[PDB]
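Only one structure is covered here, and it is reproduced in the block below.
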Amino acid sequence: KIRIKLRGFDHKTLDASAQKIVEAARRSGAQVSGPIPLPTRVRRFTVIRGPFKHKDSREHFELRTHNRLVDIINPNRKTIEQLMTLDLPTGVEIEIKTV
Amino acid sequence: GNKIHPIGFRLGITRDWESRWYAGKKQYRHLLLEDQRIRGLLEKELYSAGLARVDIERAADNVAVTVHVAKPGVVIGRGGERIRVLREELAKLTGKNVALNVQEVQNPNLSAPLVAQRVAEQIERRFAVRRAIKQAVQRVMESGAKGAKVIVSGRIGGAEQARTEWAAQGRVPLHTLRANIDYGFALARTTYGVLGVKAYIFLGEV
Amino acid sequence: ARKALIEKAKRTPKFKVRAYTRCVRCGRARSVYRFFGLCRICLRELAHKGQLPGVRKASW
Amino acid sequence: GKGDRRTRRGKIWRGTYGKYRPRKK
Amino acid sequence: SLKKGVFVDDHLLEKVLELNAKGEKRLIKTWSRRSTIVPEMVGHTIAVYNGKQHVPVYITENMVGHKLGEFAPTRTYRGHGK
Amino acid sequence: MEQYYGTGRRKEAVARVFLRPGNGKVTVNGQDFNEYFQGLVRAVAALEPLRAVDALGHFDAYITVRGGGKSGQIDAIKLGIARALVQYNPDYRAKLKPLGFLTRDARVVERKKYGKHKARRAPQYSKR
Amino acid sequence: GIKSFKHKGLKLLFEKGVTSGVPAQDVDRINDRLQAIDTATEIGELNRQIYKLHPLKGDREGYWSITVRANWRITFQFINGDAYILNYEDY
Amino acid sequence: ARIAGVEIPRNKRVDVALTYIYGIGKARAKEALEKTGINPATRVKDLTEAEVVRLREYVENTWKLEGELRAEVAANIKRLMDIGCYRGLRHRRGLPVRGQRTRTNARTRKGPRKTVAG
Amino acid sequence: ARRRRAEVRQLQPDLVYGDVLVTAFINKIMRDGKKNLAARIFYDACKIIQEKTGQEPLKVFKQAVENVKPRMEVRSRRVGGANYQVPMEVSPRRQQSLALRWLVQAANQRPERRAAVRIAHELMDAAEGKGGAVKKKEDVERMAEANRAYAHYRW
RNA sequence: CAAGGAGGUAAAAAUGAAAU
RNA sequence: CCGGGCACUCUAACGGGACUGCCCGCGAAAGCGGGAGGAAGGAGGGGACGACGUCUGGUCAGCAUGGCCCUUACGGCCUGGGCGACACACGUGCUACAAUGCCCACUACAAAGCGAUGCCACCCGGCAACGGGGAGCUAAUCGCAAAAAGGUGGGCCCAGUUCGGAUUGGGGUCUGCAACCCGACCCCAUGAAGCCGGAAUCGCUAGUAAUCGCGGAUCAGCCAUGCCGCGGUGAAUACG
Ligand SMILES: [Mg+2]
Ligand SMILES: [Mg+2]
Ligand SMILES: [Mg+2]
Ligand SMILES: [Mg+2]
Ligand SMILES: [Mg+2]
Ligand SMILES: [Mg+2]
Ligand SMILES: [Mg+2]
Ligand SMILES: [Mg+2]
Ligand SMILES: [Mg+2]
Ligand SMILES: [Mg+2]
Ligand SMILES: [Mg+2]
Ligand SMILES: [Mg+2]
Ligand SMILES: [Mg+2]
Ligand SMILES: [Zn+2]
């Protein structure tokens with residue numbers, strides 16, 4: 001019933017921090033749908049390489065925003081207990097909602 | 001010439017970020033401006049420390065700020081000032097958790113920003129630049145470096161004629177990705193103008 | 001006209017259409033990205049610095 | 001007639017819709 | 001092309017209407033084409049600014065959607081060598 | 001009713017090919033292998049690996065397709081049909097190689113590169 | 001008589017006395033030269049040693065060039081007692 | 001058939017033949033024959049005289065067309081004669097009315113190139 | 001400087017025929033990369049061949065190409081600011097290419113209305129030895145004929 | 001199978017640029 | 001669409017995968033040619049990467065900065081004008097000159113990206129632009145979008161003609177304090193030049209040229225036919 005979403009710019013921190021919550025939910029009495037890899041939202045932009053006025057030949061950058069989903073079954077305060085405030089991100093945004 | 005910033009050229013693999021936080025739109029713009037104003041405010045009254053980095057991390061009103069310094073001499077024991085209101089003056093336009101840490105950069109002769117900054121000081125001391133370059137390189141090479149390279153360009157020793165002094169010992173492969181190459185830069189302000197100091201420090205990888 | 005001109009860019013009163021974007025790091029009025037609030041010049045500088053969270057070189 | 005404002009083809013090219021090119025169904 | 005607005009300058013009209021009761025003098029300036037021809041005070045002259053000076057334009061019916069400054073060219077041209 | 005693998009891809013096109021051992025040479029997806037591919041000459045070339053083998057309608061085709069346009073889909077179907085008959089007939093390998101019906105064909109649309117007008121077409125100049 | 005300008009800064013210095021288009025230390029210099037080119041009734045008058053006068057070659061044929069200072073030139077076309085296309089440029 | 005001021009178009013579809021009149025174009029064309037109730041794909045070759053009469057009576061009336069509306073259009077430009085606006089001066093000088101680019105192009109009103117050279 | 005001799009491109013055989021030639025012809029018909037319209041026109045014209053003559057288009061088309069084959073062509077070469085025109089032999093690859101190219105071009109040169117009838121007729125004319133392409137072929141061989149003088153320059 | 005000594009030699013295509 | 005399942009497809013995270021390693025031939029070696037080996041090969045196809053240096057190259061109008069000059073002003077604010085001017089010349093382009101074409105209707109097949117101070121389903125008024133409503137969507141959920149060339153049917157029948165769309169008149173919409181100078185669309189009527197380009201000149205060697213539409217940045221709006229991307233169909237030729 002409990003749905004958690006984890007967005008992030010770094011994939012290595014995401015693929016690891018959203019895997020901790022798979023271990024911290026499985027070893028507390030619940031069935032956990034593993035790291036669901038939602039598609040990425042790549043936000044590119046292309047900037048002229050020079051401060052002057054050399055239109056041809058520039059250089060572009062991208063801001064990949066990754067999405068990862070995990071669902072746990074029963075909202076028992078046994079699994080809730082651990083995932084309550086035992087948070088270890090580096091800024092990774094987490095969404096917790098039940099529906 | 002034309003060569004890409006050896007830091008940006010890595011970023012992903014080798015050399016991580018310097019401001020590590022995540023946000024969507026309507027927030028990124030505000031938090032980046034604040035973030036940059038922290039870097040701007042710190043650089044001023046903390047230059048005497050000579051800061052190699054200014055790492056920043058966030059987590060909803062958490063704002064962690066790690067200041068790497070060769071010699072953290074300007075911290076002086078708890079209530080001995082140089083930290084108290086100093087790490088608290090940040091929250092005069094922030095008001096968030098101003099968690100300011102201090103790191104001890106062990107060898108300053110292996111920190112590119114510090115190397116270039118030491119050189120740029122010497123330019124303003126009216127030192128002989130070519131000899132200053134040579135020494136700084138060997139100094140870096142003396143402290144165990146796998147390769148080094150310092151570059152001062154323009155208006156050397158005053159004198160109407162922009163020059164470019166060049167020195168580099170050992171190995172500095174800029175094209176390679178598994179490089180671990182530290183890059184630093186510094187503005188030397190002189191009574192006759194402005195000149196830039198590049199500093200490249202290289203260690204192994206694989 | 002540059003100092004009094006980066007004043008108006010933040011002042012923003014009097015008719016809603018007279019307000020415009022403006023790089024914060026610089027004072028550039030052109031090629032100002034809404035996402036960063038920066039000109040294309042400054043944005044490139046900081047992206048190479050590493051001071052742009054997540055922002056990375058694009059190769060494909 | 002990619003530039004004639006009285007065709008489904010010119011309306012495509014211009015982008016906009018209208019009588020010569022209705023917004024589907 | 002407005003339809004439910006169809007506007008004239010309030011300040012142009014203030015000066016134009018309070019100088020319209022039982023008659024007036026043609027001494028009346030402006031600084032904005034922005035307005036519109038305005039019926040009533042047709043037998044009037046409106047010195048419109050063209051960027052350099054105030055050109056006395058005259059109203060004699062015939063004009064409507066043409067605000068003002070169309071009766072006040074801003075350029076000169078006049079000729080190209082010939 | 002039945003199943004036989006199916007993974008044919010060509011230039012952003014995905015086709016899952018099944019075939020069910022029955023004399024009814026049939027179709028899939030929208031309408032007929034015709035109908036859905038009518039007016040298209042090269043559409044019927046996807047059934048050439050069946051001609052390469054001894055299949056004059058021994059299977060009931062079932063290919064769900066997606067992505068790309070018709071031609072790529074048709075190409076992908078060819079790769080899927082072949083991928084089926086090579087799967088449940090491992091000895092039918094000695095015809096998918098000489099005839100070359102088994103290749104994903106990495107030939108895909110090349111990226112728009114800056115400066116150039118489109119892929120490789122240079123923007124054209126005059127010195128004067 | 002000077003009759004046409006190509007350089008805006010030059011134009012403003014001679015017409016309105018606007019000096020903000022030229023170098024500040026070359027104001028007097030450029031002025032005395034322009035007045036000389038204005039008073040000149042023939043190219044032979046623009047021949048003082050301090051001007052280093054000469055006609056240009058190639059595509060710039062028909063033009064002349066007196067020296068202001070350093071690598072800086074005032075170029076023009078002199079014809080029938082008048083100079084045209086007064087430009088300020090590098091050598 | 002001498003419909004308005006013209007008669008020319010013979011064997012060539014009435015919805016098309018109609019077009020050959022200053023005032024008809026394409027929209028008023030099918031609009032006129034659906035309102036008159038006549039088959040558009042007909043021969044134009046003098047078919048049923050009745051259909052031709054009804055068509056003529058409706059078309060030639062209703063809206064202004066041919067030489068009459070050419071006169072009105074020319075008179076609408078003559079409006080900006082007197083002491084007219086800016087748009088009139090553009091009709092005076094022979095230059096484009098809608099304020100476009102005249103540095104190049106604008107040949108459809110200026111006419112073929114004249115070349116000054118200097 | 002052509003270090004590689006540029007290997008000969010190979011095609012896909014068509015539908016119903018299996019030609020290693022017809023598809024090459026359909027390609028020349030093809031404009032803007034529409035093989036659908038291209039192939040259709042040829043097969044259309046194939047249906048048109050059946051009408052005016054009781055012959056199978058696979059031979060009518062085949063023989064037409066064979067009749068629009070340049071035995072030898074003229075080649076401009078060396079010494080004198082490239083002044084000479086040595087008449088050279090034509091490679092089977094080039095006869096191939098010229099035949100199909102001249103066919104389609106001459107076909108669209110015809111005053112007919114539909115693309116199919118142009119193709120069909122130009123093929124029938126060429127199969128006989130009458131086509132405008134056959135003119136082109138015979139013309140190119142005239143040029144090669146008149147240059148036998150310094151043909152011994154060869155190469 | 002390896003070369004020295006001998007001979008016919010390109011064409012029609014001119015200028016130079018604006019302080020060291 | 002539900003029950004249920006997640007093997008297929010896809011999604012995105014780490015991996016496996018060829019190194020001419022294996023066979024023939026050539027060679028002193030490097031290596032080259034050829035062959036089953038497989039999705040792939042003798043740098044697989046594209047990116048990011050630009051040596052010492054050169055051009056007194058470019059940029060004091062991104063920014064920084066030595067020097068020179070201006071300070072009731074070379075600074076500051078405002079309304080209006082101008083950057084959009086047009087007898088002309090060059091560059092890069094878009095749309096065409098038609099029948100492998102144009103118009104109308106029906107009916108399919110993408111990728112890559114953007115949106116809750118917005119994208120706006122479905123209705124309602126309206127020929128239409130668009131307006132009234134109003135659901136879902138912090139968005140592999142909802143929306144932008146039906147991709148277009150294609151296919152089927154039908155109509156023009158080769159004439160500047162249902163090719164072509166310039167130019168101009170009239171009527172309207174939407175953003176905006178306001179669109180005359182100088183906004184984009186919509187509708188009616190006009191319908192120009194052009195019937196394929198002189199001397200010259202450009203691009204591209206395989207998904208490539210050509211052709212077709214789609215997205216984004218900036219952005220109240222938009223002068224975008226531009227730029228940066230995405231995929232659809234898909235040639236010709238290389239002797240030398
Ligand atoms: Mg360009
Ligand atoms: Mg802006
Ligand atoms: Mg493409
Ligand atoms: Mg204009
Ligand atoms: Mg000479
Ligand atoms: Mg010389
Ligand atoms: Mg490399
Ligand atoms: Mg220079
Ligand atoms: Mg400056
Ligand atoms: Mg401009
Ligand atoms: Mg004509
Ligand atoms: Mg014609
Ligand atoms: Mg190549
Ligand atoms: Zn800036």
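We name chains A, B, ... following the order of the structure tokens; residues begin at 1 in each chain, and ligands are numbered from 1 as shown.
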
Which residues, written as a list in words, have at least one atom at most 7 Å from region 70-87 of chain A, with only C-alpha atoms (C1' of nucleotides) counted and residues fewer than 6 positions away on the same chain left out?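 So, after excluding close chain neighbours, the residues are residues 1, 2, 3, 4, 5, 24, 25, 28, 29, 30, 31, 32, 33, 34, 35 and 36 of chain A.
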
Those residues with C-alpha atoms, as a compact mmCIF listing (two decimals), in the first residue's frame please?
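That gives us again-v3.txt:
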# COMPACT_ATOMS: atom_id res chain seq x y z
CA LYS A 1 0.00 0.00 0.00
CA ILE A 2 2.93 2.29 0.74
CA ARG A 3 4.47 3.83 -2.37
CA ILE A 4 7.91 5.45 -2.32
CA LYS A 5 9.58 7.40 -5.12
CA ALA A 24 15.53 -2.44 5.21
CA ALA A 25 11.97 -3.36 4.24
CA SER A 28 11.42 -6.35 8.72
CA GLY A 29 8.43 -8.40 7.60
CA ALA A 30 7.10 -7.41 4.18
CA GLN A 31 7.07 -8.14 0.45
CA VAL A 32 8.93 -5.48 -1.53
CA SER A 33 8.69 -4.77 -5.25
CA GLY A 34 12.32 -4.13 -6.15
CA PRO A 35 14.04 -1.06 -7.66
CA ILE A 36 11.54 -0.03 -10.35

Identify, on the basis of only C-alpha atoms (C1' of nucleotides), every residue whose closest approach to residue 51 (chain B) does not exceed 8 Å; exclude the query and any residue fewer than 6 positions from it along the same chain; express the result as a ChimeraX atom specification. /B:43,67-70,113-114

Could the residues in this selection be saved with C-alpha atoms as a tab-separated table (two decimals), in the first residue's frame?
chain	number	residue	atom	x	y	z
B	43	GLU	CA	36.20	33.33	-0.55
B	67	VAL	CA	35.74	24.15	3.52
B	68	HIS	CA	39.00	22.43	2.53
B	69	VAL	CA	42.09	24.32	3.69
B	70	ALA	CA	45.83	23.62	3.78
B	113	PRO	CA	44.28	25.74	-6.42
B	114	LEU	CA	46.79	26.30	-3.62

Residue neighbourhood residue 23 (chain D), 12 Å, only C-alpha atoms (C1' of nucleotides), exclusion window fewer than 2 positions, as a list in words: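 Contacts, in chain order: residues 8, 11, 12, 15, 16, 17, 18, 19, 20, 21 and 25 of chain D; 128, 129, 145 and 146 of chain K.
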
For CA of residue 118 (chain I) and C1' of residue 100 (chain K), the interatomic separation in Å (one decimal):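 Between these atoms lies a distance of 11.2 Å.
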
Taking the DSSP secondary structure from the backbone, can you list the residues of chain I that are helix (DSSP H, G or I), as a compact mmCIF listing (two decimals) with N, CA and C atoms, in the first residue's frame?
# COMPACT_ATOMS: atom_id res chain seq x y z
N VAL I 22 16.31 -5.16 -62.25
CA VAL I 22 15.06 -4.40 -62.23
C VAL I 22 15.03 -3.40 -61.07
N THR I 23 15.48 -3.83 -59.90
CA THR I 23 15.51 -2.95 -58.74
C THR I 23 16.41 -1.75 -58.97
N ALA I 24 17.52 -1.97 -59.68
CA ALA I 24 18.41 -0.89 -60.07
C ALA I 24 17.68 0.12 -60.95
N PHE I 25 16.77 -0.39 -61.78
CA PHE I 25 15.96 0.46 -62.65
C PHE I 25 14.90 1.22 -61.86
N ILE I 26 14.26 0.53 -60.92
CA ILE I 26 13.27 1.15 -60.05
C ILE I 26 13.91 2.28 -59.25
N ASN I 27 15.16 2.07 -58.85
CA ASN I 27 15.90 3.08 -58.10
C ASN I 27 16.07 4.38 -58.88
N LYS I 28 16.37 4.26 -60.17
CA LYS I 28 16.53 5.42 -61.04
C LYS I 28 15.19 6.14 -61.22
N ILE I 29 14.11 5.37 -61.23
CA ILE I 29 12.77 5.93 -61.26
C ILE I 29 12.54 6.72 -59.98
N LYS I 35 10.39 4.71 -52.87
CA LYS I 35 10.50 3.47 -53.62
C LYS I 35 9.12 2.91 -53.95
N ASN I 36 8.13 3.28 -53.14
CA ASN I 36 6.75 2.83 -53.35
C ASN I 36 6.22 3.31 -54.69
N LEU I 37 6.29 4.62 -54.90
CA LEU I 37 5.83 5.23 -56.14
C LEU I 37 6.68 4.76 -57.31
N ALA I 38 7.97 4.62 -57.06
CA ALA I 38 8.91 4.16 -58.08
C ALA I 38 8.60 2.76 -58.58
N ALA I 39 8.52 1.81 -57.65
CA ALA I 39 8.26 0.41 -58.00
C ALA I 39 6.91 0.27 -58.69
N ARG I 40 5.91 0.98 -58.16
CA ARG I 40 4.56 0.96 -58.70
C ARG I 40 4.53 1.33 -60.17
N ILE I 41 5.21 2.42 -60.51
CA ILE I 41 5.29 2.92 -61.89
C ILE I 41 5.84 1.86 -62.85
N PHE I 42 6.90 1.17 -62.44
CA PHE I 42 7.52 0.15 -63.28
C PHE I 42 6.58 -1.03 -63.49
N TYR I 43 6.03 -1.55 -62.40
CA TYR I 43 5.11 -2.67 -62.47
C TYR I 43 3.83 -2.27 -63.21
N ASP I 44 3.43 -1.01 -63.04
CA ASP I 44 2.34 -0.44 -63.82
C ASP I 44 2.66 -0.56 -65.29
N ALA I 45 3.83 -0.06 -65.67
CA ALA I 45 4.28 -0.09 -67.05
C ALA I 45 4.44 -1.52 -67.56
N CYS I 46 4.79 -2.43 -66.66
CA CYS I 46 4.87 -3.84 -67.01
C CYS I 46 3.51 -4.36 -67.45
N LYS I 47 2.46 -3.90 -66.77
CA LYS I 47 1.09 -4.24 -67.13
C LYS I 47 0.74 -3.61 -68.47
N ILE I 48 1.37 -2.48 -68.76
CA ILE I 48 1.13 -1.76 -70.01
C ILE I 48 1.81 -2.47 -71.18
N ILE I 49 2.94 -3.12 -70.92
CA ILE I 49 3.63 -3.88 -71.96
C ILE I 49 2.75 -5.02 -72.46
N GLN I 50 2.06 -5.68 -71.53
CA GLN I 50 1.18 -6.80 -71.84
C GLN I 50 0.09 -6.44 -72.85
N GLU I 51 -0.35 -5.18 -72.83
CA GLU I 51 -1.43 -4.73 -73.70
C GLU I 51 -0.97 -4.56 -75.14
N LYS I 52 -0.05 -3.62 -75.36
CA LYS I 52 0.41 -3.30 -76.71
C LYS I 52 1.20 -4.44 -77.36
N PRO I 57 7.29 -8.71 -69.92
CA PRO I 57 8.11 -7.53 -69.63
C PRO I 57 9.52 -7.86 -69.14
N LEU I 58 9.73 -9.06 -68.62
CA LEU I 58 11.05 -9.45 -68.14
C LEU I 58 12.06 -9.56 -69.28
N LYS I 59 11.58 -9.80 -70.50
CA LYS I 59 12.46 -9.82 -71.66
C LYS I 59 12.47 -8.48 -72.38
N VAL I 60 11.29 -7.85 -72.48
CA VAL I 60 11.16 -6.54 -73.10
C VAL I 60 12.07 -5.53 -72.42
N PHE I 61 12.07 -5.55 -71.09
CA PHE I 61 12.94 -4.69 -70.30
C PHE I 61 14.40 -5.13 -70.44
N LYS I 62 14.63 -6.44 -70.40
CA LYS I 62 15.97 -6.99 -70.53
C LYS I 62 16.63 -6.62 -71.86
N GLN I 63 15.90 -6.84 -72.96
CA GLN I 63 16.45 -6.58 -74.28
C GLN I 63 16.66 -5.09 -74.52
N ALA I 64 15.77 -4.28 -73.97
CA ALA I 64 15.86 -2.83 -74.09
C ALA I 64 17.18 -2.32 -73.52
N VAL I 65 17.53 -2.81 -72.34
CA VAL I 65 18.79 -2.48 -71.71
C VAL I 65 19.95 -2.93 -72.58
N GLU I 66 19.80 -4.11 -73.18
CA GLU I 66 20.84 -4.67 -74.02
C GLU I 66 21.06 -3.85 -75.29
N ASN I 67 20.01 -3.17 -75.74
CA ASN I 67 20.09 -2.34 -76.93
C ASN I 67 20.59 -0.93 -76.64
N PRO I 92 31.49 -3.37 -68.03
CA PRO I 92 30.16 -3.95 -67.84
C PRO I 92 29.36 -3.25 -66.74
N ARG I 93 30.06 -2.75 -65.73
CA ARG I 93 29.45 -1.97 -64.66
C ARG I 93 28.89 -0.66 -65.21
N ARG I 94 29.65 -0.01 -66.09
CA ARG I 94 29.27 1.30 -66.61
C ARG I 94 28.21 1.22 -67.71
N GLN I 95 28.29 0.20 -68.55
CA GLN I 95 27.26 -0.05 -69.55
C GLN I 95 25.94 -0.23 -68.82
N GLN I 96 25.99 -1.02 -67.75
CA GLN I 96 24.86 -1.24 -66.86
C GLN I 96 24.24 0.07 -66.40
N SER I 97 25.07 0.94 -65.84
CA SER I 97 24.59 2.19 -65.25
C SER I 97 24.03 3.15 -66.29
N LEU I 98 24.72 3.25 -67.42
CA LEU I 98 24.32 4.17 -68.49
C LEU I 98 23.01 3.76 -69.13
N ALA I 99 22.84 2.45 -69.32
CA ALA I 99 21.65 1.89 -69.94
C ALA I 99 20.41 2.31 -69.17
N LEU I 100 20.39 2.02 -67.87
CA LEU I 100 19.24 2.35 -67.04
C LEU I 100 19.02 3.85 -66.90
N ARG I 101 20.11 4.61 -66.80
CA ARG I 101 20.01 6.05 -66.62
C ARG I 101 19.42 6.73 -67.85
N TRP I 102 19.95 6.38 -69.02
CA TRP I 102 19.47 6.95 -70.27
C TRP I 102 18.03 6.56 -70.56
N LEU I 103 17.65 5.36 -70.13
CA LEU I 103 16.29 4.88 -70.31
C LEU I 103 15.29 5.77 -69.58
N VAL I 104 15.52 5.97 -68.28
CA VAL I 104 14.62 6.76 -67.45
C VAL I 104 14.56 8.21 -67.90
N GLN I 105 15.71 8.76 -68.25
CA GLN I 105 15.79 10.15 -68.71
C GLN I 105 15.04 10.35 -70.02
N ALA I 106 15.31 9.49 -71.00
CA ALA I 106 14.61 9.53 -72.28
C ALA I 106 13.12 9.27 -72.08
N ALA I 107 12.80 8.44 -71.09
CA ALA I 107 11.42 8.12 -70.76
C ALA I 107 10.67 9.37 -70.28
N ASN I 108 11.32 10.18 -69.45
CA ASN I 108 10.69 11.41 -68.97
C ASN I 108 10.81 12.55 -69.97
N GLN I 109 11.53 12.29 -71.07
CA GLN I 109 11.66 13.25 -72.16
C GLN I 109 10.46 13.18 -73.09
N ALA I 115 3.61 8.65 -66.20
CA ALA I 115 4.96 8.12 -66.07
C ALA I 115 5.07 6.67 -66.50
N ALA I 116 4.01 5.90 -66.26
CA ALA I 116 4.02 4.49 -66.60
C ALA I 116 4.07 4.28 -68.10
N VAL I 117 3.24 5.01 -68.83
CA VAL I 117 3.17 4.84 -70.28
C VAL I 117 4.46 5.31 -70.95
N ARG I 118 5.16 6.24 -70.31
CA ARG I 118 6.44 6.70 -70.83
C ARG I 118 7.46 5.59 -70.70
N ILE I 119 7.52 4.99 -69.51
CA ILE I 119 8.43 3.89 -69.25
C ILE I 119 8.17 2.72 -70.18
N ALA I 120 6.90 2.32 -70.27
CA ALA I 120 6.50 1.19 -71.09
C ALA I 120 6.87 1.39 -72.56
N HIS I 121 6.50 2.55 -73.10
CA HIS I 121 6.77 2.84 -74.50
C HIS I 121 8.26 2.96 -74.80
N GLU I 122 8.98 3.67 -73.95
CA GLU I 122 10.42 3.86 -74.15
C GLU I 122 11.16 2.53 -74.09
N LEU I 123 10.62 1.59 -73.32
CA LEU I 123 11.18 0.24 -73.23
C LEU I 123 10.88 -0.56 -74.49
N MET I 124 9.66 -0.42 -75.00
CA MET I 124 9.26 -1.10 -76.23
C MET I 124 10.03 -0.56 -77.42
N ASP I 125 10.21 0.76 -77.46
CA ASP I 125 10.98 1.40 -78.51
C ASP I 125 12.44 0.97 -78.43
N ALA I 126 12.97 0.90 -77.22
CA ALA I 126 14.36 0.52 -77.01
C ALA I 126 14.59 -0.97 -77.29
N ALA I 127 13.57 -1.79 -77.03
CA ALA I 127 13.67 -3.22 -77.28
C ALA I 127 13.79 -3.47 -78.78
N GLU I 128 13.14 -2.61 -79.56
CA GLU I 128 13.19 -2.68 -81.01
C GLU I 128 14.49 -2.07 -81.53
N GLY I 132 14.60 6.93 -77.77
CA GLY I 132 15.41 8.12 -77.68
C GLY I 132 16.69 7.85 -76.91
N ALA I 133 16.65 6.82 -76.07
CA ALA I 133 17.85 6.38 -75.36
C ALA I 133 18.80 5.70 -76.34
N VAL I 134 18.23 4.93 -77.27
CA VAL I 134 19.04 4.28 -78.30
C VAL I 134 19.73 5.35 -79.15
N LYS I 135 19.05 6.48 -79.33
CA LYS I 135 19.64 7.63 -80.00
C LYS I 135 20.88 8.04 -79.20
N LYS I 136 20.68 8.25 -77.90
CA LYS I 136 21.77 8.63 -77.00
C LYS I 136 22.92 7.64 -77.03
N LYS I 137 22.59 6.36 -77.05
CA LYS I 137 23.61 5.32 -77.10
C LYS I 137 24.38 5.40 -78.41
N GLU I 138 23.65 5.48 -79.51
CA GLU I 138 24.27 5.52 -80.83
C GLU I 138 25.07 6.81 -81.03
N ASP I 139 24.64 7.87 -80.35
CA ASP I 139 25.32 9.15 -80.41
C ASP I 139 26.68 9.09 -79.72
N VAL I 140 26.68 8.53 -78.51
CA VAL I 140 27.90 8.36 -77.73
C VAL I 140 28.91 7.47 -78.46
N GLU I 141 28.42 6.55 -79.28
CA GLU I 141 29.29 5.68 -80.06
C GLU I 141 29.80 6.37 -81.33
N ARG I 142 29.09 7.40 -81.79
CA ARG I 142 29.57 8.21 -82.90
C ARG I 142 30.80 8.98 -82.45
N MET I 143 30.69 9.64 -81.30
CA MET I 143 31.80 10.39 -80.73
C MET I 143 33.02 9.50 -80.57
N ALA I 144 32.80 8.30 -80.04
CA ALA I 144 33.87 7.33 -79.86
C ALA I 144 34.40 6.85 -81.21
N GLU I 145 33.56 6.91 -82.23
CA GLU I 145 33.95 6.48 -83.57
C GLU I 145 34.87 7.50 -84.24
N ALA I 146 34.57 8.78 -84.05
CA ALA I 146 35.28 9.85 -84.73
C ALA I 146 36.65 10.14 -84.11
N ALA I 149 41.59 8.36 -84.20
CA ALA I 149 42.90 8.89 -84.54
C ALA I 149 43.90 8.68 -83.40
N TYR I 150 43.71 9.43 -82.32
CA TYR I 150 44.58 9.32 -81.16
C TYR I 150 44.03 8.31 -80.15
N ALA I 151 43.31 7.31 -80.66
CA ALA I 151 42.82 6.23 -79.83
C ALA I 151 43.99 5.40 -79.32
N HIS I 152 45.07 5.38 -80.10
CA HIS I 152 46.26 4.62 -79.75
C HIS I 152 46.96 5.16 -78.50
N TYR I 153 46.52 6.32 -78.03
CA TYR I 153 46.97 6.83 -76.74
C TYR I 153 46.39 5.97 -75.63

Could you give me the residues within region 16-152 of chain I that DSSP places in strand (DSSP E or B), as JSON, numbers by chain? {"I": [72, 73, 74, 75, 76, 85, 86, 87, 88, 89]}

For chain K against chain A, which residues fall within 6 Å using only C-alpha atoms (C1' of nucleotides), given as a PyMOL selection string? chain K and resi 11-12+59+140

List as an MDAnalysis selection string the protein and nucleic acid residues near residue 34 (chain C), meaning an atom at most 9 Å away when only C-alpha atoms (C1' of nucleotides) are counted, but skip any in the same chain fewer than 3 places from it. (chainID B and resid 29) or (chainID C and resid 21 37:38) or (chainID K and resid 218)

For the residues in the current selection, export C-alpha atoms (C1' of nucleotides) as a PDB file, in the first residue's frame.
ATOM      1  CA  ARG B  29      17.509  28.949  -9.718  1.00  0.00           C
TER       2      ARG B  29
ATOM      3  CA  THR C  21      15.374  38.242 -17.735  1.00  0.00           C
ATOM      4  CA  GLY C  37      18.972  32.398 -14.210  1.00  0.00           C
ATOM      5  CA  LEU C  38      22.294  32.646 -16.038  1.00  0.00           C
TER       6      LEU C  38
ATOM      7  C1'   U K 218      14.835  31.988 -26.028  1.00  0.00           C
TER       8        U K 218
END

Spatial neighbours of region 68-72 of chain H, max dist 9 Å, only C-alpha atoms (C1' of nucleotides), sep filter under 3 positions, as an MDAnalysis selection string: (chainID H and resid 22:23 64:65 75:77) or (chainID K and resid 169)

Residues contacting ligand 13 - anything with an atom at most 10 Å away, using only C-alpha atoms (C1' of nucleotides) and all ligand atoms - can you give me those as JSON, numbers by chain? {"F": [120], "K": [204, 205, 208]}

Enumerate residues in contact with ligand 14: an atom-to-atom distance of at most 6 Å, counting only C-alpha atoms (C1' of nucleotides) and all ligand atoms. Format the result as a VMD selection string. (chain C and resid 23 25 to 28 38 to 39 41 to 42) or (chain K and resid 62)
